[PDB]
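**Student:** Once you've had a glance at the structure underneath, I'll fire off some questions.
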Amino acid sequence: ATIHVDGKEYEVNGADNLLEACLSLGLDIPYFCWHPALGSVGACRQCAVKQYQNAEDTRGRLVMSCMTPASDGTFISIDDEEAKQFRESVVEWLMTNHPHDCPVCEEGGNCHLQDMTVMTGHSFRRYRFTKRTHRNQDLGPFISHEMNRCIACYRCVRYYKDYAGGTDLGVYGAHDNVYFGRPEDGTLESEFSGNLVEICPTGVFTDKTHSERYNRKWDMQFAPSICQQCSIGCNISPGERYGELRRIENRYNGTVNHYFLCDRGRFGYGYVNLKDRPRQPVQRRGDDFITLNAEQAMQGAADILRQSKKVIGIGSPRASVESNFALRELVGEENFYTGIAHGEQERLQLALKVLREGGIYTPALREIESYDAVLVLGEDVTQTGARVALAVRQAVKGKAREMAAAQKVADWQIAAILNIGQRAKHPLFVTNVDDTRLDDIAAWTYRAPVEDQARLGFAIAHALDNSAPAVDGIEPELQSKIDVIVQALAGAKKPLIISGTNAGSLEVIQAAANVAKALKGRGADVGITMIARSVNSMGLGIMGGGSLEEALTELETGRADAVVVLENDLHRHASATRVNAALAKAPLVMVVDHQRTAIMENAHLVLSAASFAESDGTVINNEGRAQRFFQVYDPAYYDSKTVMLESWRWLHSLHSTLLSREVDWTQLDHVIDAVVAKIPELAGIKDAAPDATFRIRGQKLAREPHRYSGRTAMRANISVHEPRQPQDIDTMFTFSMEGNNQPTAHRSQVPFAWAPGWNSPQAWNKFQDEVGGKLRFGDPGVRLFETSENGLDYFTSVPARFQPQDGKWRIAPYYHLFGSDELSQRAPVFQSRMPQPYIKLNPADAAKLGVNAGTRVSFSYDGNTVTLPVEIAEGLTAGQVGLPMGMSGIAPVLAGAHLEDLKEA
Amino acid sequence: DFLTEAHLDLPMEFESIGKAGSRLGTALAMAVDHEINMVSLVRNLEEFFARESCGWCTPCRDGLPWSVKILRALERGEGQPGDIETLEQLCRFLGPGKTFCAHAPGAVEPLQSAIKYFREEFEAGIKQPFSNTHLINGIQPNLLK
Amino acid sequence: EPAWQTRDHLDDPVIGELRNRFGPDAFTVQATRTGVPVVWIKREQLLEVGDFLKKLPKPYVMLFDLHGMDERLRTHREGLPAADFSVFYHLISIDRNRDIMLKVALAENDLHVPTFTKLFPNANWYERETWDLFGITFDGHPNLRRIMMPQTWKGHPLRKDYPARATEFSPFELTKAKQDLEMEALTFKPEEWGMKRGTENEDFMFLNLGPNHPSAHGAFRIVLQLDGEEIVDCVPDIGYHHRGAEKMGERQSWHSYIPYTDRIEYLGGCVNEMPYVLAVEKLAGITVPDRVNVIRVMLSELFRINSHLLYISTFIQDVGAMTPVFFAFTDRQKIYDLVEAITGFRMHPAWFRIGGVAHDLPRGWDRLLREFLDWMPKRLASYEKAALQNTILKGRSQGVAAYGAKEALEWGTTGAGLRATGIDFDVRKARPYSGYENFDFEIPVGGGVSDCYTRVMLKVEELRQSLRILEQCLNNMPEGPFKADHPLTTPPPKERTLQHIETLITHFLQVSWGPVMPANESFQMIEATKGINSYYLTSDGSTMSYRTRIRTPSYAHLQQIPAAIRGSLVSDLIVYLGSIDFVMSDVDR
Ligand SMILES: CCCCCCCCCCCCCCCCCC(=O)OC[C@H](COP(=O)(O)OCCN)OC(=O)CCCCCCCCCCCCCCCCC
Ligand SMILES: CCCCCCCCCCC1=C(C)C(=O)C(OC)=C(OC)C1=O
Ligand code: SF4
Ligand code: SF4
Ligand code: SF4
Ligand code: SF4
Ligand code: FES
Ligand SMILES: [Ca+2]
């Protein structure tokens with residue numbers, strides 16, 4: 001289609017409305033209620049443009065550019081006097097009841113309403129009467145609520161209900177007394193409530209964690225990074241001020257995490273700002289604790305390493321690719337051990353084998369929203385990989401989108417989309433040990449142990465293609481449900497199969513792979529998705545190594561007299577007693593970490609590593625996409641005593657000092673080239689982000705905005721002489737505003753969104769080729785592997801039916817979004833949010849034990865008689881005990897294990 | 001829209017009343033006598049039209065109470081210079097096509113009709129001069145001319 | 001129709017003559033808010049266009065400005081030829097009362113332009129400055145060396161990739177090796193200028209007058225060759241007062257750049273503020289009210305009286321009479337009391353704003369203005385009868401460093417020298433800015449030669465005219481607003497900021513990120529206290545200036561200096577330095 005704006009001819013996409021058709025070309029129209037992902041509702045009436053149907057038309061009509069399709073031959077005027085006066089009047093009407101709260105507002109300089117008040121040129125107030133006020137609700141530890149600043153643009157209710165699926169936020173009130181919130185006070189229990197701080201154009205829903213230690217947007221030092229709290233790897237923009245991480249903002253990735261994060265990744269950053277964190281290298285002689293800087297620590301570590309017969313290294317799925325590779329090259333290829341256990345590594349290797357060898361195209365997170373029928377086997381997505389659950393909700397609403405598009409309704413008429421599709425939605429079949437958070441839209445939910453879920457998957461795979469291995473012994477009711485799932489999946493056009501290593505079983509992944517292979521054999525565009533546990537689980541599995549049991553038995557047998565533990569707590573993947581014995585037995589433990597782990601008492605040397613905010617690196621998400629996360633700040637700028645370096649830098653300098661007795665602090669590009677040289681299958685991480693020599697017309701990229709303040713006074717308490725700003729030799733960014741952050745620069749890594757006249761999170765519209773689509777000049781991060789030409793065979797080893805053995809209790813994993821991450825539970829803001837540790841029991845088994853809810857049951861696992869209060873789970877199957885993974889003293893390695901001595905105490 | 005005595009000899013059709021700047025509607029006419037002040041009558045109409053708004057879209061929701069407050073000031077005689085022009089621009093910007101539905105054009109039809117026919121009653125409610133700001137001690141105010 | 005509108009300027013006769021001479025496909029015309037015909041001309045035809053403008057029936061006999069520009073980051077270049085760098089030549093025809101701006105486009109690799117020194121001899125320092133700050137080479141230039149930065153300098157400062165702040169670079173550590181290297185780099189090497197040190201019979205002796213000389217009015221160093229007392233040639237070395245104010249214009253916002261514009265000429269103040277804020281108001285589309293124009297005219301004339309008083313006192317002291325400078329500084333104290341009353345500061349007021357002024361006039365400024373207007377003329381008559389009619393001062397001043405109209409035109413001389421040469425080109429009359437048409441005041445024009453005495457008494461008559469303007473402003477003062485009602489007026493009025501929310505939003509977004517001027521180009525040329533000061537502002541649509549070019553008259557006077565003092569004495573050079581009215585902050589910026 002071809003449109004005419006003010007006499008200028010523009011080629012646009014005719015399936016789009018006029019608002020983002022003009023926003024794609026760079027034409028500024030004020031707007032509040034429209035969002036690129038939600039749709040158009042025509043509420044705020046701010047997007048008015050004067051439309052003409054002929055080339056010679058004087059009057060025209062003031063039409064809504066978010067509600068008028070951009071067909072071929074529309075002559076719209078934006079800067080006309082009538083349209084500008086009406087837009088100014090709408091801004092004025094929104095400004096009649098707005099409070100005088102801008103200095104004391106958390107979105108000052110980040111406000112969409114401020115940008116559209118200055119954009120329309122409204123600065124004179126002739127309203128003289130009183131302003132309406134509203135009370136505020138306590139929405140929990142995350143969201144600060146201030147309803148006086150609202151403009152009734154209906155974005156919060158639209159996102160939270162029609163997009164996030166939440167049920168506790170709604171619109172109440174009257175004519176002008178419109179309220180947006182809960183029917184009472186209490187925590188917003190949705191797992192995607194954190195995006196309300198950027199969906200809301202005003203300062204109603206604000207980040208309370210940021211509001212504790214608050215600084216303005218221009219005071220933030222930003223960086224592009226990857227969220228480390230689970231395996232999805234959503235792109236984030238960490239921003240710091242005064243040496244502590246202040247706020248995690250959303251970063252636009254058109255393929256992964258376009259406009260929405262989750263609460264664990266958005267509010268779980270509080271572990272970085274802990275004072276218990278090691279900031280200097282600390283060495284122990286017996287009970288004496290001394291502090292060294294980098295050089296003497298490196299020389300002493302190299303001396304003790306040379307005085308040992310075999311140095312072993314225990315990596316972690318939390319650390320980056322470069323740091324794990326540095327440990328591997330420091331300790332040797334054969335002596336490198338992955339920090340995960342044997343079962344977790346087996347499930348991870350199977351998931352990687354299905355991904356990069358199964359011949360089935362695994363889709364990205366943006367591509368999930370277009371799949372028709374979704375089968376989730378084993379994985380509790382909403383509490384582990386929550387963004388995949390949100391994309392699953394979008395793919396479910398795709399059916400109503402399809403019926404709406406069949407009735408000649410444009411895609412941006414979202415109200416008509418839910419109008420036509422009242423309750424009809426795509427099939428979703430979830431399996432878990434209990435009820436999930438996806439049960440509101442799921443076509444079926446199977447509450448069963450992992451053996452029965454795996455057998456259900458094998459039954460689906462056999463009933464699709466008869467060459468698949470059959471399971472015998474299914475009840476006819478479950479057989480009818482199997483037939484229903486088969487009819488739903490076979491009749492679809494883009495089936496999706498979602499599994500992962502969080503189910504605690506291998507046969508679940510085998511069954512999901514067999515279902516995907518059977519769907520592929522019938523001639524369908526089937527996709528698969530394995531959700532891993534940690535952020536860099538996939539990269540550690542790709543690199544490989546031994547299990548934690550092998551490292552512990554090397555330490556216990558005496559063949560390893562020196563162990564380097566890289567960013568691992570070692571109690572999350574093994575028992576605490578065995579780890580403590582194997583570490584006290586070893587005469588040298590060197591823990592390189594940025595967190596005060598429990599094993600640092602046994603550590604002979606502690607090396608203060610850097611977290612994601614203070615280190616550069618590459619992480620591989622759950623779909624094989626290599627992504628580079630950059631440094632936000634130099635920790636030594638404010639606290640000059642702080643010797644806190646990148647873990648790969650620590651290990652590479654230790655390797656160099658061990659070899660040639662010289663200390664050589666390397667660069668990130670050298671380590672990246674070493675990875676892509678020694679490991680052929682990690683060669684794609686060179687293309688994840690360009691090197692430190694990349695310039696936009698000769699200059700670097702700025703980490704802080706052009707109006708960064710207090711350069712000559714933020715360090716004046718220590719010394720009045722402002723030092724040289726830190727130099728980033730590793731990456732292409734600089735710790736200064738002398739850099740390029742234009743929206744039209746030929747780059748993919750964007751630290752923050754800012755345009756002249758666009759200060760809100762809506763400033764991301766200028767950084768894309770089309771608004772709501774991919775990022776301009778391509779999205780960052782590349783896939784490590786392609787789809788194979790041929791796939792795997794049928795996994796024949798079906799499991800047996802779950803028969804509850806007396807005495808032994810199978811442990812059913814109950815993952816929580818707030819508490820199952822190793823680092824997110826260390827945040828002090830999650831302690832007021834995470835639930836209490838409850839052991840979950842069937843009513844029948846609790847009645848057999850005689851225990852009621854509330855009382856304490858003690859259970860012993862490897863000499864640890866730990867007591868937990870009891871919650872009753874009706875959906876849990878008999879013979880199991882429900883345990884929360886990742887909590888205090890309950891490791892995720894407990895999944896699938898037995899539990900003897902379960903008595904009331 | 002309100003009509004006058006000269007419009008009384010007009011046929012009660014859609015097109016005939018629509019030609020003379022009004023609407024047929026439900027054809028259930030209301031008679032307004034000379035004892036009834038039109039400013040207070042339009043004030044009551046606007047109170048009804050602003051308290052019964054659905055609250056979805058901006059111009060009706062956040063501009064009808066402004067007209068209600070302006071007519072409250074005019075009814076008490078506390079009108080300020082610039083209120084009738086504000087009401088006229090409010091009628092202009094709450095016409096068909098501006099708002100999401102047709103409640104607000106029907107709300108502003110009697111207001112613009114009473115402005116057109118009975119402007120001398122609306123001008124009689126302005127007694128006090130315009131004063132939006134107050135004198136802040138220590139800052140000289142800006143005086144536009 | 002407002003004066004700030006984008007005028008494409010095809011109605012200029014010079015565009016018609018250029019179309020008829022070079023054809024309809026030789027140059028492009030740019031529509032800007034500068035008020036200037038902007039002609040993009042190909043590099044091969046630059047010398048031909050320069051000769052054509054030099055040989056017009058009413059020709060362009062003035063090279064007002066010559067500077068480069070980095071166009072590598074300018075996103076909004078619609079209607080513009082493709083260019084990585086550009087060079088603009090601003091030329092003035094005085095008899096036409098017209099001016100033109102010729103821009104030549106250069107790629108990043110092919111950064112060489114034909115020289116402009118032969119057509120206009122004052123292009124030497126501008127081409128040196130363009131080479132120093134942008135890296136652009138001029139073919140045929142005699143001595144292409146750095147003029148702002150020292151010879152031991154890597155990189156070009158005004159390029160977009162060069163960092164601006166000293167905290168980004170390493171801090172200044174002065175070691176023995178660096179001190180020795182920088183002291184040897186600052187040493188004058190006479191073979192590099194072809195000085196011909198010595199003669200076959202007797203040797204010439206080289207003297208470094210500046211920096212730190214009681215007659216050198218600032219950071220100015222001149223290296224002067226003497227045979228006995230006589231001067232053979234002069235090498236004026238500048239760059240000892242460089243502050244990088246243009247790079248600061250690319251570093252600060254529109255509102256925060258006002259103190260930096262104020263410190264460009266530290267005896268100018270509001271006179272330095274006026275072209276910048278007028279160019280910003282041209283960019284925004286703001287028409288200021290009458291009271292703002294009267295207030296800014298009054299402050300400009302007050303600071304002009306202050307600058308002329310300082311100039312007269314320094315000239316009298318440089319001649320040798322050390323007495324009247326104390327009384328002149330007492331009248332400066334009276335002016336400082338008035339300026340303290342109005343703006344709140346003595347000498348760097350930082351008071352002018354976008355679309356108005358900072359505060360309103362306090363209750364009682366007319367009393368202090370009346371006191372100053374009573375105090376001034378008797379003191380001026382005393383200074384005249386004590387020193388400016390002295391025959392010793394006349395002997396030291398009359399006939400010393402005299403030049404005609406051709407030397408004042410080919411060297412870019414403006415202000416007192418240009419009017420003393422008989423060229424009646426005053427900005428306050430020919431192109432009246434800020435409502436200068438409402439004030440009646442005469443213009444002093446000399447007899448055709450620029451002596452030191454002629455320049456000094458022309459500045460005395462300018463002081464008297466400024467006193468007349470101040471009297472007219474005091475007796476007739478409007479009663480209106482002190483800030484414009486435009487939404488882009490920065491900052492908004494304070495009381496509306498304190499008790500309205502739209503004004504609070506506007507003020508909040510205008511002091512934090514800065515006002516968002518649209519992507520356009522503006523120019524404002526005014527008559528400063530020392531000559532003609534012009535601001536050329538290119539906006540990329542952002543809240544900062546994409547390019548800030550400041551043309552100052554003291555630069556052209558200092559470049560003229562070797563052509564008007566050659567063959568004279570050192571005493572004549574001292575009197576000439578005292579009778580130019582230059583400051584080194586104006587020279588180096
Ligand atoms: C205890 C001992 C001291 C007692 C204290 C009291 C007495 C103090 C005496 C001070 C004497 C100062 C003499 C200064 C002489 C300066 C002469 C000079 O250089 O004149 C040159 C000047 C210009 O010459 P011009 O011809 O223009 O240049 C030729 C270039 N082609 O020529 C001109 O401008 C022309 C005018 C020249 C005037 C020469 C000086 C006249 C007399 C001295 C000044 C008056 C002193 C007091 C007298 C008594 C007052 C009651
Ligand atoms: C004799 C004691 C001081 C009298 C009052 C000031 C006299 C005029 C000073 C002029 C001047 C200025 C402004 C000046 O800036 C300067 O350069 C640093 C000079 O050289 C040292 C000057 O002489
Ligand atoms: S939400 Fe925006 S307009 Fe409202 S008080 Fe906050 S910054 Fe001001
Ligand atoms: S609370 Fe925010 S998102 Fe919700 S209607 Fe009000 S302004 Fe819009
Ligand atoms: S889904 Fe995972 S990667 Fe994404 S924001 Fe949440 S915790 Fe971070
Ligand atoms: S005009 Fe209609 S849709 Fe808009 S707020 Fe009023 S009643 Fe609701
Ligand atoms: S953006 Fe179109 S009415 Fe809100
Ligand atoms: Ca680094």
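By order in the structure tokens, chains are A, B, ...; within a chain, residues start at 1; ligands start at 1, following the order shown.
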Quick one: which residues from chain C are at most 9 Å off chain A, using only C-alpha atoms, as a ChimeraX atom specification?

**Tutor:** /C:72-73,75,160-171,251-253,485-488,492,496,498-506,508-509,512-517,541-543

**Student:** Given a cut-off of 7 Å, what residues near ligand 8 show up using only C-alpha atoms and all ligand atoms, put as an mmCIF file with N, CA, C and O atoms, in the first residue's frame?

**Tutor:**
```cif
data_model
loop_
_atom_site.group_PDB
_atom_site.id
_atom_site.type_symbol
_atom_site.label_atom_id
_atom_site.label_comp_id
_atom_site.auth_asym_id
_atom_site.auth_seq_id
_atom_site.Cartn_x
_atom_site.Cartn_y
_atom_site.Cartn_z
ATOM 1 N N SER A 615 31.286 -8.244 34.532
ATOM 2 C CA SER A 615 32.082 -9.112 33.680
ATOM 3 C C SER A 615 31.455 -9.201 32.298
ATOM 4 O O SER A 615 30.237 -9.101 32.140
ATOM 5 N N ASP A 616 32.310 -9.392 31.299
ATOM 6 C CA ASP A 616 31.896 -9.655 29.931
ATOM 7 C C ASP A 616 31.996 -11.147 29.655
ATOM 8 O O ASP A 616 32.848 -11.841 30.214
ATOM 9 N N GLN A 631 29.851 -5.597 30.289
ATOM 10 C CA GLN A 631 30.088 -5.060 31.622
ATOM 11 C C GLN A 631 29.332 -3.753 31.810
ATOM 12 O O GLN A 631 29.272 -2.921 30.902
ATOM 13 N N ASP A 728 37.573 0.238 28.573
ATOM 14 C CA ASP A 728 37.091 -1.112 28.296
ATOM 15 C C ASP A 728 37.868 -1.650 27.101
ATOM 16 O O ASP A 728 37.534 -1.367 25.948
ATOM 17 N N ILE A 729 38.911 -2.430 27.384
ATOM 18 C CA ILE A 729 39.697 -3.047 26.325
ATOM 19 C C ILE A 729 39.045 -4.310 25.778
ATOM 20 O O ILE A 729 39.402 -4.753 24.678
ATOM 21 N N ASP A 730 38.095 -4.895 26.507
ATOM 22 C CA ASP A 730 37.515 -6.168 26.099
ATOM 23 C C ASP A 730 36.449 -5.990 25.029
ATOM 24 O O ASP A 730 36.415 -6.746 24.052
ATOM 25 N N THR A 731 35.564 -5.014 25.201
ATOM 26 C CA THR A 731 34.406 -4.840 24.337
ATOM 27 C C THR A 731 34.447 -3.470 23.668
ATOM 28 O O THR A 731 35.325 -2.646 23.930
#
```

**Student:** Find the spatial neighbours of residue 276 of chain A, counting only C-alpha atoms, within a cut-off of 7 Å - ignore same-chain residues fewer than 2 positions away - and output them as an MDAnalysis selection string.

**Tutor:** chainID A and resid 274 278 596

**Student:** Per DSSP on the backbone, what are the alpha helix (DSSP H) residues of segment 55-104 of chain B, as a short mmCIF file (atom, residue, chain, number, x, y, z; two decimals) with N, CA and C atoms, in the first residue's frame?

**Tutor:**
```cif
data_model
loop_
_atom_site.label_atom_id
_atom_site.label_comp_id
_atom_site.auth_asym_id
_atom_site.auth_seq_id
_atom_site.Cartn_x
_atom_site.Cartn_y
_atom_site.Cartn_z
N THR B 58 -10.94 9.34 26.32
CA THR B 58 -10.46 10.56 26.98
C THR B 58 -11.38 11.78 26.89
N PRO B 59 -11.86 12.22 25.71
CA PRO B 59 -12.45 13.57 25.65
C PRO B 59 -13.73 13.73 26.46
N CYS B 60 -14.66 12.79 26.34
CA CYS B 60 -15.86 12.80 27.17
C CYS B 60 -15.52 12.71 28.66
N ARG B 61 -14.71 11.71 29.03
CA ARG B 61 -14.43 11.41 30.43
C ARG B 61 -13.73 12.56 31.14
N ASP B 62 -12.77 13.21 30.48
CA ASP B 62 -11.98 14.26 31.10
C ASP B 62 -12.32 15.66 30.58
N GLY B 63 -13.40 15.81 29.81
CA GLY B 63 -13.79 17.14 29.40
C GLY B 63 -15.21 17.50 29.77
N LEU B 64 -16.10 16.50 29.90
CA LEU B 64 -17.44 16.79 30.40
C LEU B 64 -17.44 17.30 31.84
N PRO B 65 -16.69 16.73 32.81
CA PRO B 65 -16.63 17.37 34.14
C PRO B 65 -16.05 18.77 34.13
N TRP B 66 -15.15 19.08 33.19
CA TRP B 66 -14.65 20.45 33.07
C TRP B 66 -15.78 21.40 32.69
N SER B 67 -16.63 20.99 31.75
CA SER B 67 -17.79 21.80 31.39
C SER B 67 -18.78 21.89 32.55
N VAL B 68 -18.90 20.81 33.33
CA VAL B 68 -19.76 20.82 34.51
C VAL B 68 -19.28 21.86 35.52
N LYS B 69 -17.97 21.89 35.77
CA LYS B 69 -17.42 22.84 36.73
C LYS B 69 -17.51 24.27 36.21
N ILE B 70 -17.33 24.47 34.90
CA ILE B 70 -17.48 25.80 34.31
C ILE B 70 -18.92 26.28 34.44
N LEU B 71 -19.89 25.39 34.20
CA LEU B 71 -21.29 25.78 34.35
C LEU B 71 -21.69 25.94 35.81
N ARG B 72 -21.01 25.24 36.73
CA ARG B 72 -21.20 25.50 38.15
C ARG B 72 -20.74 26.90 38.52
N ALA B 73 -19.59 27.31 37.98
CA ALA B 73 -19.10 28.67 38.21
C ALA B 73 -20.03 29.71 37.59
N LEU B 74 -20.56 29.41 36.40
CA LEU B 74 -21.48 30.34 35.74
C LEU B 74 -22.81 30.44 36.48
N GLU B 75 -23.28 29.33 37.06
CA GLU B 75 -24.54 29.35 37.80
C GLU B 75 -24.43 30.18 39.07
N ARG B 76 -23.29 30.09 39.76
CA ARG B 76 -23.07 30.89 40.96
C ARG B 76 -22.58 32.29 40.66
N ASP B 83 -14.08 31.29 29.79
CA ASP B 83 -14.84 30.08 30.02
C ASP B 83 -15.79 29.75 28.88
N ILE B 84 -16.40 30.77 28.27
CA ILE B 84 -17.31 30.52 27.15
C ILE B 84 -16.54 30.07 25.92
N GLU B 85 -15.36 30.64 25.69
CA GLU B 85 -14.50 30.18 24.60
C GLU B 85 -14.05 28.75 24.84
N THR B 86 -13.76 28.41 26.11
CA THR B 86 -13.43 27.03 26.46
C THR B 86 -14.59 26.09 26.19
N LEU B 87 -15.82 26.52 26.51
CA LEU B 87 -16.99 25.70 26.24
C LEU B 87 -17.22 25.53 24.74
N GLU B 88 -16.97 26.58 23.95
CA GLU B 88 -17.13 26.48 22.50
C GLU B 88 -16.11 25.54 21.89
N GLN B 89 -14.84 25.63 22.32
CA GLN B 89 -13.84 24.70 21.82
C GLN B 89 -14.09 23.28 22.31
N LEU B 90 -14.67 23.14 23.51
CA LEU B 90 -15.08 21.84 24.02
C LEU B 90 -16.19 21.23 23.17
N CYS B 91 -17.15 22.05 22.75
CA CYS B 91 -18.19 21.58 21.83
C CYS B 91 -17.60 21.21 20.48
N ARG B 92 -16.61 21.98 20.01
CA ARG B 92 -15.99 21.69 18.72
C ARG B 92 -15.21 20.38 18.76
N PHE B 93 -14.52 20.10 19.86
CA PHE B 93 -13.65 18.94 19.95
C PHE B 93 -14.34 17.71 20.54
N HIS B 103 -22.16 9.23 22.75
CA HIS B 103 -22.72 9.82 23.97
C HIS B 103 -22.29 11.27 24.12
N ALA B 104 -21.04 11.58 23.80
CA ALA B 104 -20.49 12.92 23.97
C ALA B 104 -20.95 13.94 22.92
#
```

**Student:** Show me, as a PyMOL selection string, the residues of chain C whose atoms get within 10 Å of chain B, using only C-alpha atoms for the distance check.

**Tutor:** chain C and resi 289+359-362+479-485+492-496+498-500

**Student:** Residues within 10 Å of ligand 2 should be enumerated using only C-alpha atoms and all ligand atoms and returned as a ChimeraX atom specification.

**Tutor:** /C:210-220,266-267,310-318,322-329,578,582-585

**Student:** Between B:36, B:20, B:31, B:57, which one has atoms that come closest to ligand 4, using only C-alpha atoms and all ligand atoms?

**Tutor:** B:57

**Student:** Show me which residues are within 6 Å of ligand 4 counting only C-alpha atoms and all ligand atoms, and format the list as a list in words.

**Tutor:**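 With only C-alpha atoms and all ligand atoms and a cut-off of 6 Å, ligand 4 is contacted by residues 150, 151, 152, 153, 154, 155, 156, 180, 200, 201, 202 and 204 of chain A.
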
**Student:** Which residue gives the smallest distance to chain B among A:637, A:172, A:105, A:29, with only C-alpha atoms counted?

**Tutor:**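 Nearest to chain B: A:172.
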
**Student:** When the cut-off is 9 Å and you count only C-alpha atoms and all ligand atoms, which residues lie near ligand 1, shown as a PyMOL selection string?

**Tutor:** chain C and resi 390-396+398

**Student:** Filtering to N, CA, C and O atoms, could you give me those residues as a compact mmCIF listing (two decimals), in the first residue's frame?

**Tutor:**
```
# COMPACT_ATOMS: atom_id res chain seq x y z
N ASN C 390 45.72 64.74 24.77
CA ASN C 390 47.13 64.97 25.05
C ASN C 390 47.95 64.80 23.78
O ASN C 390 47.76 63.85 23.01
N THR C 391 48.88 65.73 23.56
CA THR C 391 49.70 65.70 22.36
C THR C 391 50.72 64.56 22.40
O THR C 391 51.16 64.10 21.35
N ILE C 392 51.10 64.11 23.59
CA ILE C 392 52.00 62.97 23.70
C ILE C 392 51.27 61.69 23.29
O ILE C 392 51.81 60.86 22.55
N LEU C 393 50.02 61.53 23.74
CA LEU C 393 49.21 60.40 23.31
C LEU C 393 48.90 60.47 21.82
O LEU C 393 48.86 59.44 21.14
N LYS C 394 48.68 61.68 21.30
CA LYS C 394 48.48 61.86 19.87
C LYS C 394 49.72 61.48 19.08
O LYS C 394 49.63 60.86 18.01
N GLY C 395 50.90 61.86 19.58
CA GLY C 395 52.14 61.48 18.91
C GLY C 395 52.40 59.99 18.96
O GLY C 395 52.91 59.41 18.00
N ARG C 396 52.04 59.35 20.07
CA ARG C 396 52.18 57.90 20.17
C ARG C 396 51.10 57.16 19.40
O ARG C 396 51.26 55.96 19.14
N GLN C 398 48.54 58.78 16.69
CA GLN C 398 48.12 59.19 15.35
C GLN C 398 49.15 58.75 14.32
O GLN C 398 50.35 58.98 14.47
```

**Student:** Do me a favour and pick out the residues of chain A within 6 Å of chain B, using only C-alpha atoms, as a PyMOL selection string.

**Tutor:** chain A and resi 43-44+93+128+175-176

**Student:** When the cut-off is 7 Å and you count only C-alpha atoms and all ligand atoms, which residues lie near ligand 7, shown as a short mmCIF file (atom, residue, chain, number, x, y, z; two decimals) with C-alpha atoms, in the first residue's frame?

**Tutor:**
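So out.cif came out as:
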```
data_model
loop_
_atom_site.label_atom_id
_atom_site.label_comp_id
_atom_site.auth_asym_id
_atom_site.auth_seq_id
_atom_site.Cartn_x
_atom_site.Cartn_y
_atom_site.Cartn_z
CA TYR A 31 -0.16 8.01 21.54
CA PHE A 32 -0.96 6.46 24.91
CA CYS A 33 -3.28 3.44 24.75
CA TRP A 34 -1.75 1.69 21.73
CA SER A 40 -5.39 -1.06 19.35
CA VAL A 41 -8.49 -0.21 21.38
CA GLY A 42 -8.91 3.46 20.49
CA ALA A 43 -9.09 4.65 24.09
CA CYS A 44 -6.80 7.63 24.70
CA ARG A 45 -7.90 9.44 21.47
CA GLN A 46 -4.42 10.98 21.17
CA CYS A 47 -3.40 9.56 17.77
CA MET A 64 -7.71 7.58 14.76
CA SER A 65 -4.40 6.54 13.22
CA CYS A 66 -4.26 3.47 15.47
CA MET A 67 -7.74 2.44 14.30
#
```

**Student:** Using only C-alpha atoms, determine which residues lie at most 9 Å from residue 47 of chain C, disregarding the query and same-chain residues fewer than 6 positions distant; provide the list as an MDAnalysis selection string.

**Tutor:** chainID C and resid 114:116 119

**Student:** Would you please extract all strand (DSSP E) residues from segment 200-247 of chain C, as assigned by DSSP on the backbone, and give them as a VMD selection string?

**Tutor:** chain C and resid 205 to 208 221 to 227 230 to 237
